[PDB]
């Protein structure tokens, strides 16, 4: 049927589980929606400038920067808590059922994350959904972050797959744009606080679902059309 390549943080695992840390440190859970795009921004800046550091180190550095920007106090224990929550986000309840149906439909399932290879147990293992996937790939071998082309290309090469066989699944349009620019298909799942970007000559996702169930429905239905 094809190979479905899933983004992990926010797409499969619930980023809003971090909200209490932001509520406490900043007095405002909404700062999550400042910090996260700043993290992605700086990951792309390092990539563009020829620098690489593991994603989690950037996450901590950006948390400290955002703290400083809000004049909010941060301790070594706050950073520890950030690590704890970021590496242990629970799976949305729509995930295990959707992955089950995609497997039943004959799709091969893979993950691809900006996060560095993790000591066991990984975030996916802690969430109890790691075993759905035949491979768990990361940006390690590319030393560059999404949406750099090397990331998708090295993934395709690793899987022995052509672009036409692959579909990148994410709640981040930057990730689907990245994959589609390399000739993959893109499937967008509309997690809270994520919507597509409508901009001329920027590719729109091939599939859109309001949640993982609906996206899976569309992926499965497109097999019979």
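We call the rigid core the largest set of C-alpha positions that still match within 1.5 Å between the two forms. Numbering follows the first chain given and starts at 1.
Asker: 108-116 versus 138-146: which one's CA atoms end up farther from this form in 4 other deposited structures of this protein after a core fit?
Answerer: Once the core is superposed, the stretch further away in 4 other deposited structures of this protein is 138-146.
Asker: Return whichever of 10-18 and 212-220 has the greater mean Cα B factor according to the PDB record.
Answerer: The stretch with the larger average C-alpha B-factor is 212-220.
Asker: As stated in the PDB record, which stretch has the larger average Cα B-factor, 164-172 or 40-48?
Answerer: Comparing 164-172 with 40-48, the higher average CA B-factor belongs to 164-172.
Asker: Out of 109, 96, 80, 130, which shows the largest CA B-factor listed in the entry?
Answerer: Highest C-alpha B-factor among the listed residues goes to 80.
Asker: Highest Cα temperature factor in the entry, among the options 68, 179, 59, 32: which one is it?
Answerer: Each of 68, 179, 59, 32 was compared by C-alpha B-factor; the highest is 68.
Asker: Please place residue 143 in the lowest, middle or highest third of its chain according to the CA B-factor in the PDB entry.
Answerer: Bottom third by C-alpha B-factor.
Asker: How does residue 183 rank on Cα B-factor within its chain, lowest, middle or highest third?
Answerer: Middle third, going by the recorded CA B-factors of the chain.
Asker: Ranked by Cα temperature factor within the chain, is residue 4 in the lowest third, the middle third or the highest third?
Answerer: It falls in the bottom third of the chain.
Asker: What third of its chain's C-alpha B-factors does residue 75 belong to: lowest, middle or highest?
Answerer: Highest third - that is where residue 75 ends up once the chain's C-alpha B-factors are sorted.
Asker: Taking only the Cα B-factors deposited for this chain, tell me whether residue 151 sits in the lowest, middle or highest third.
Answerer: Tercile = lowest for this residue's CA B-factor.
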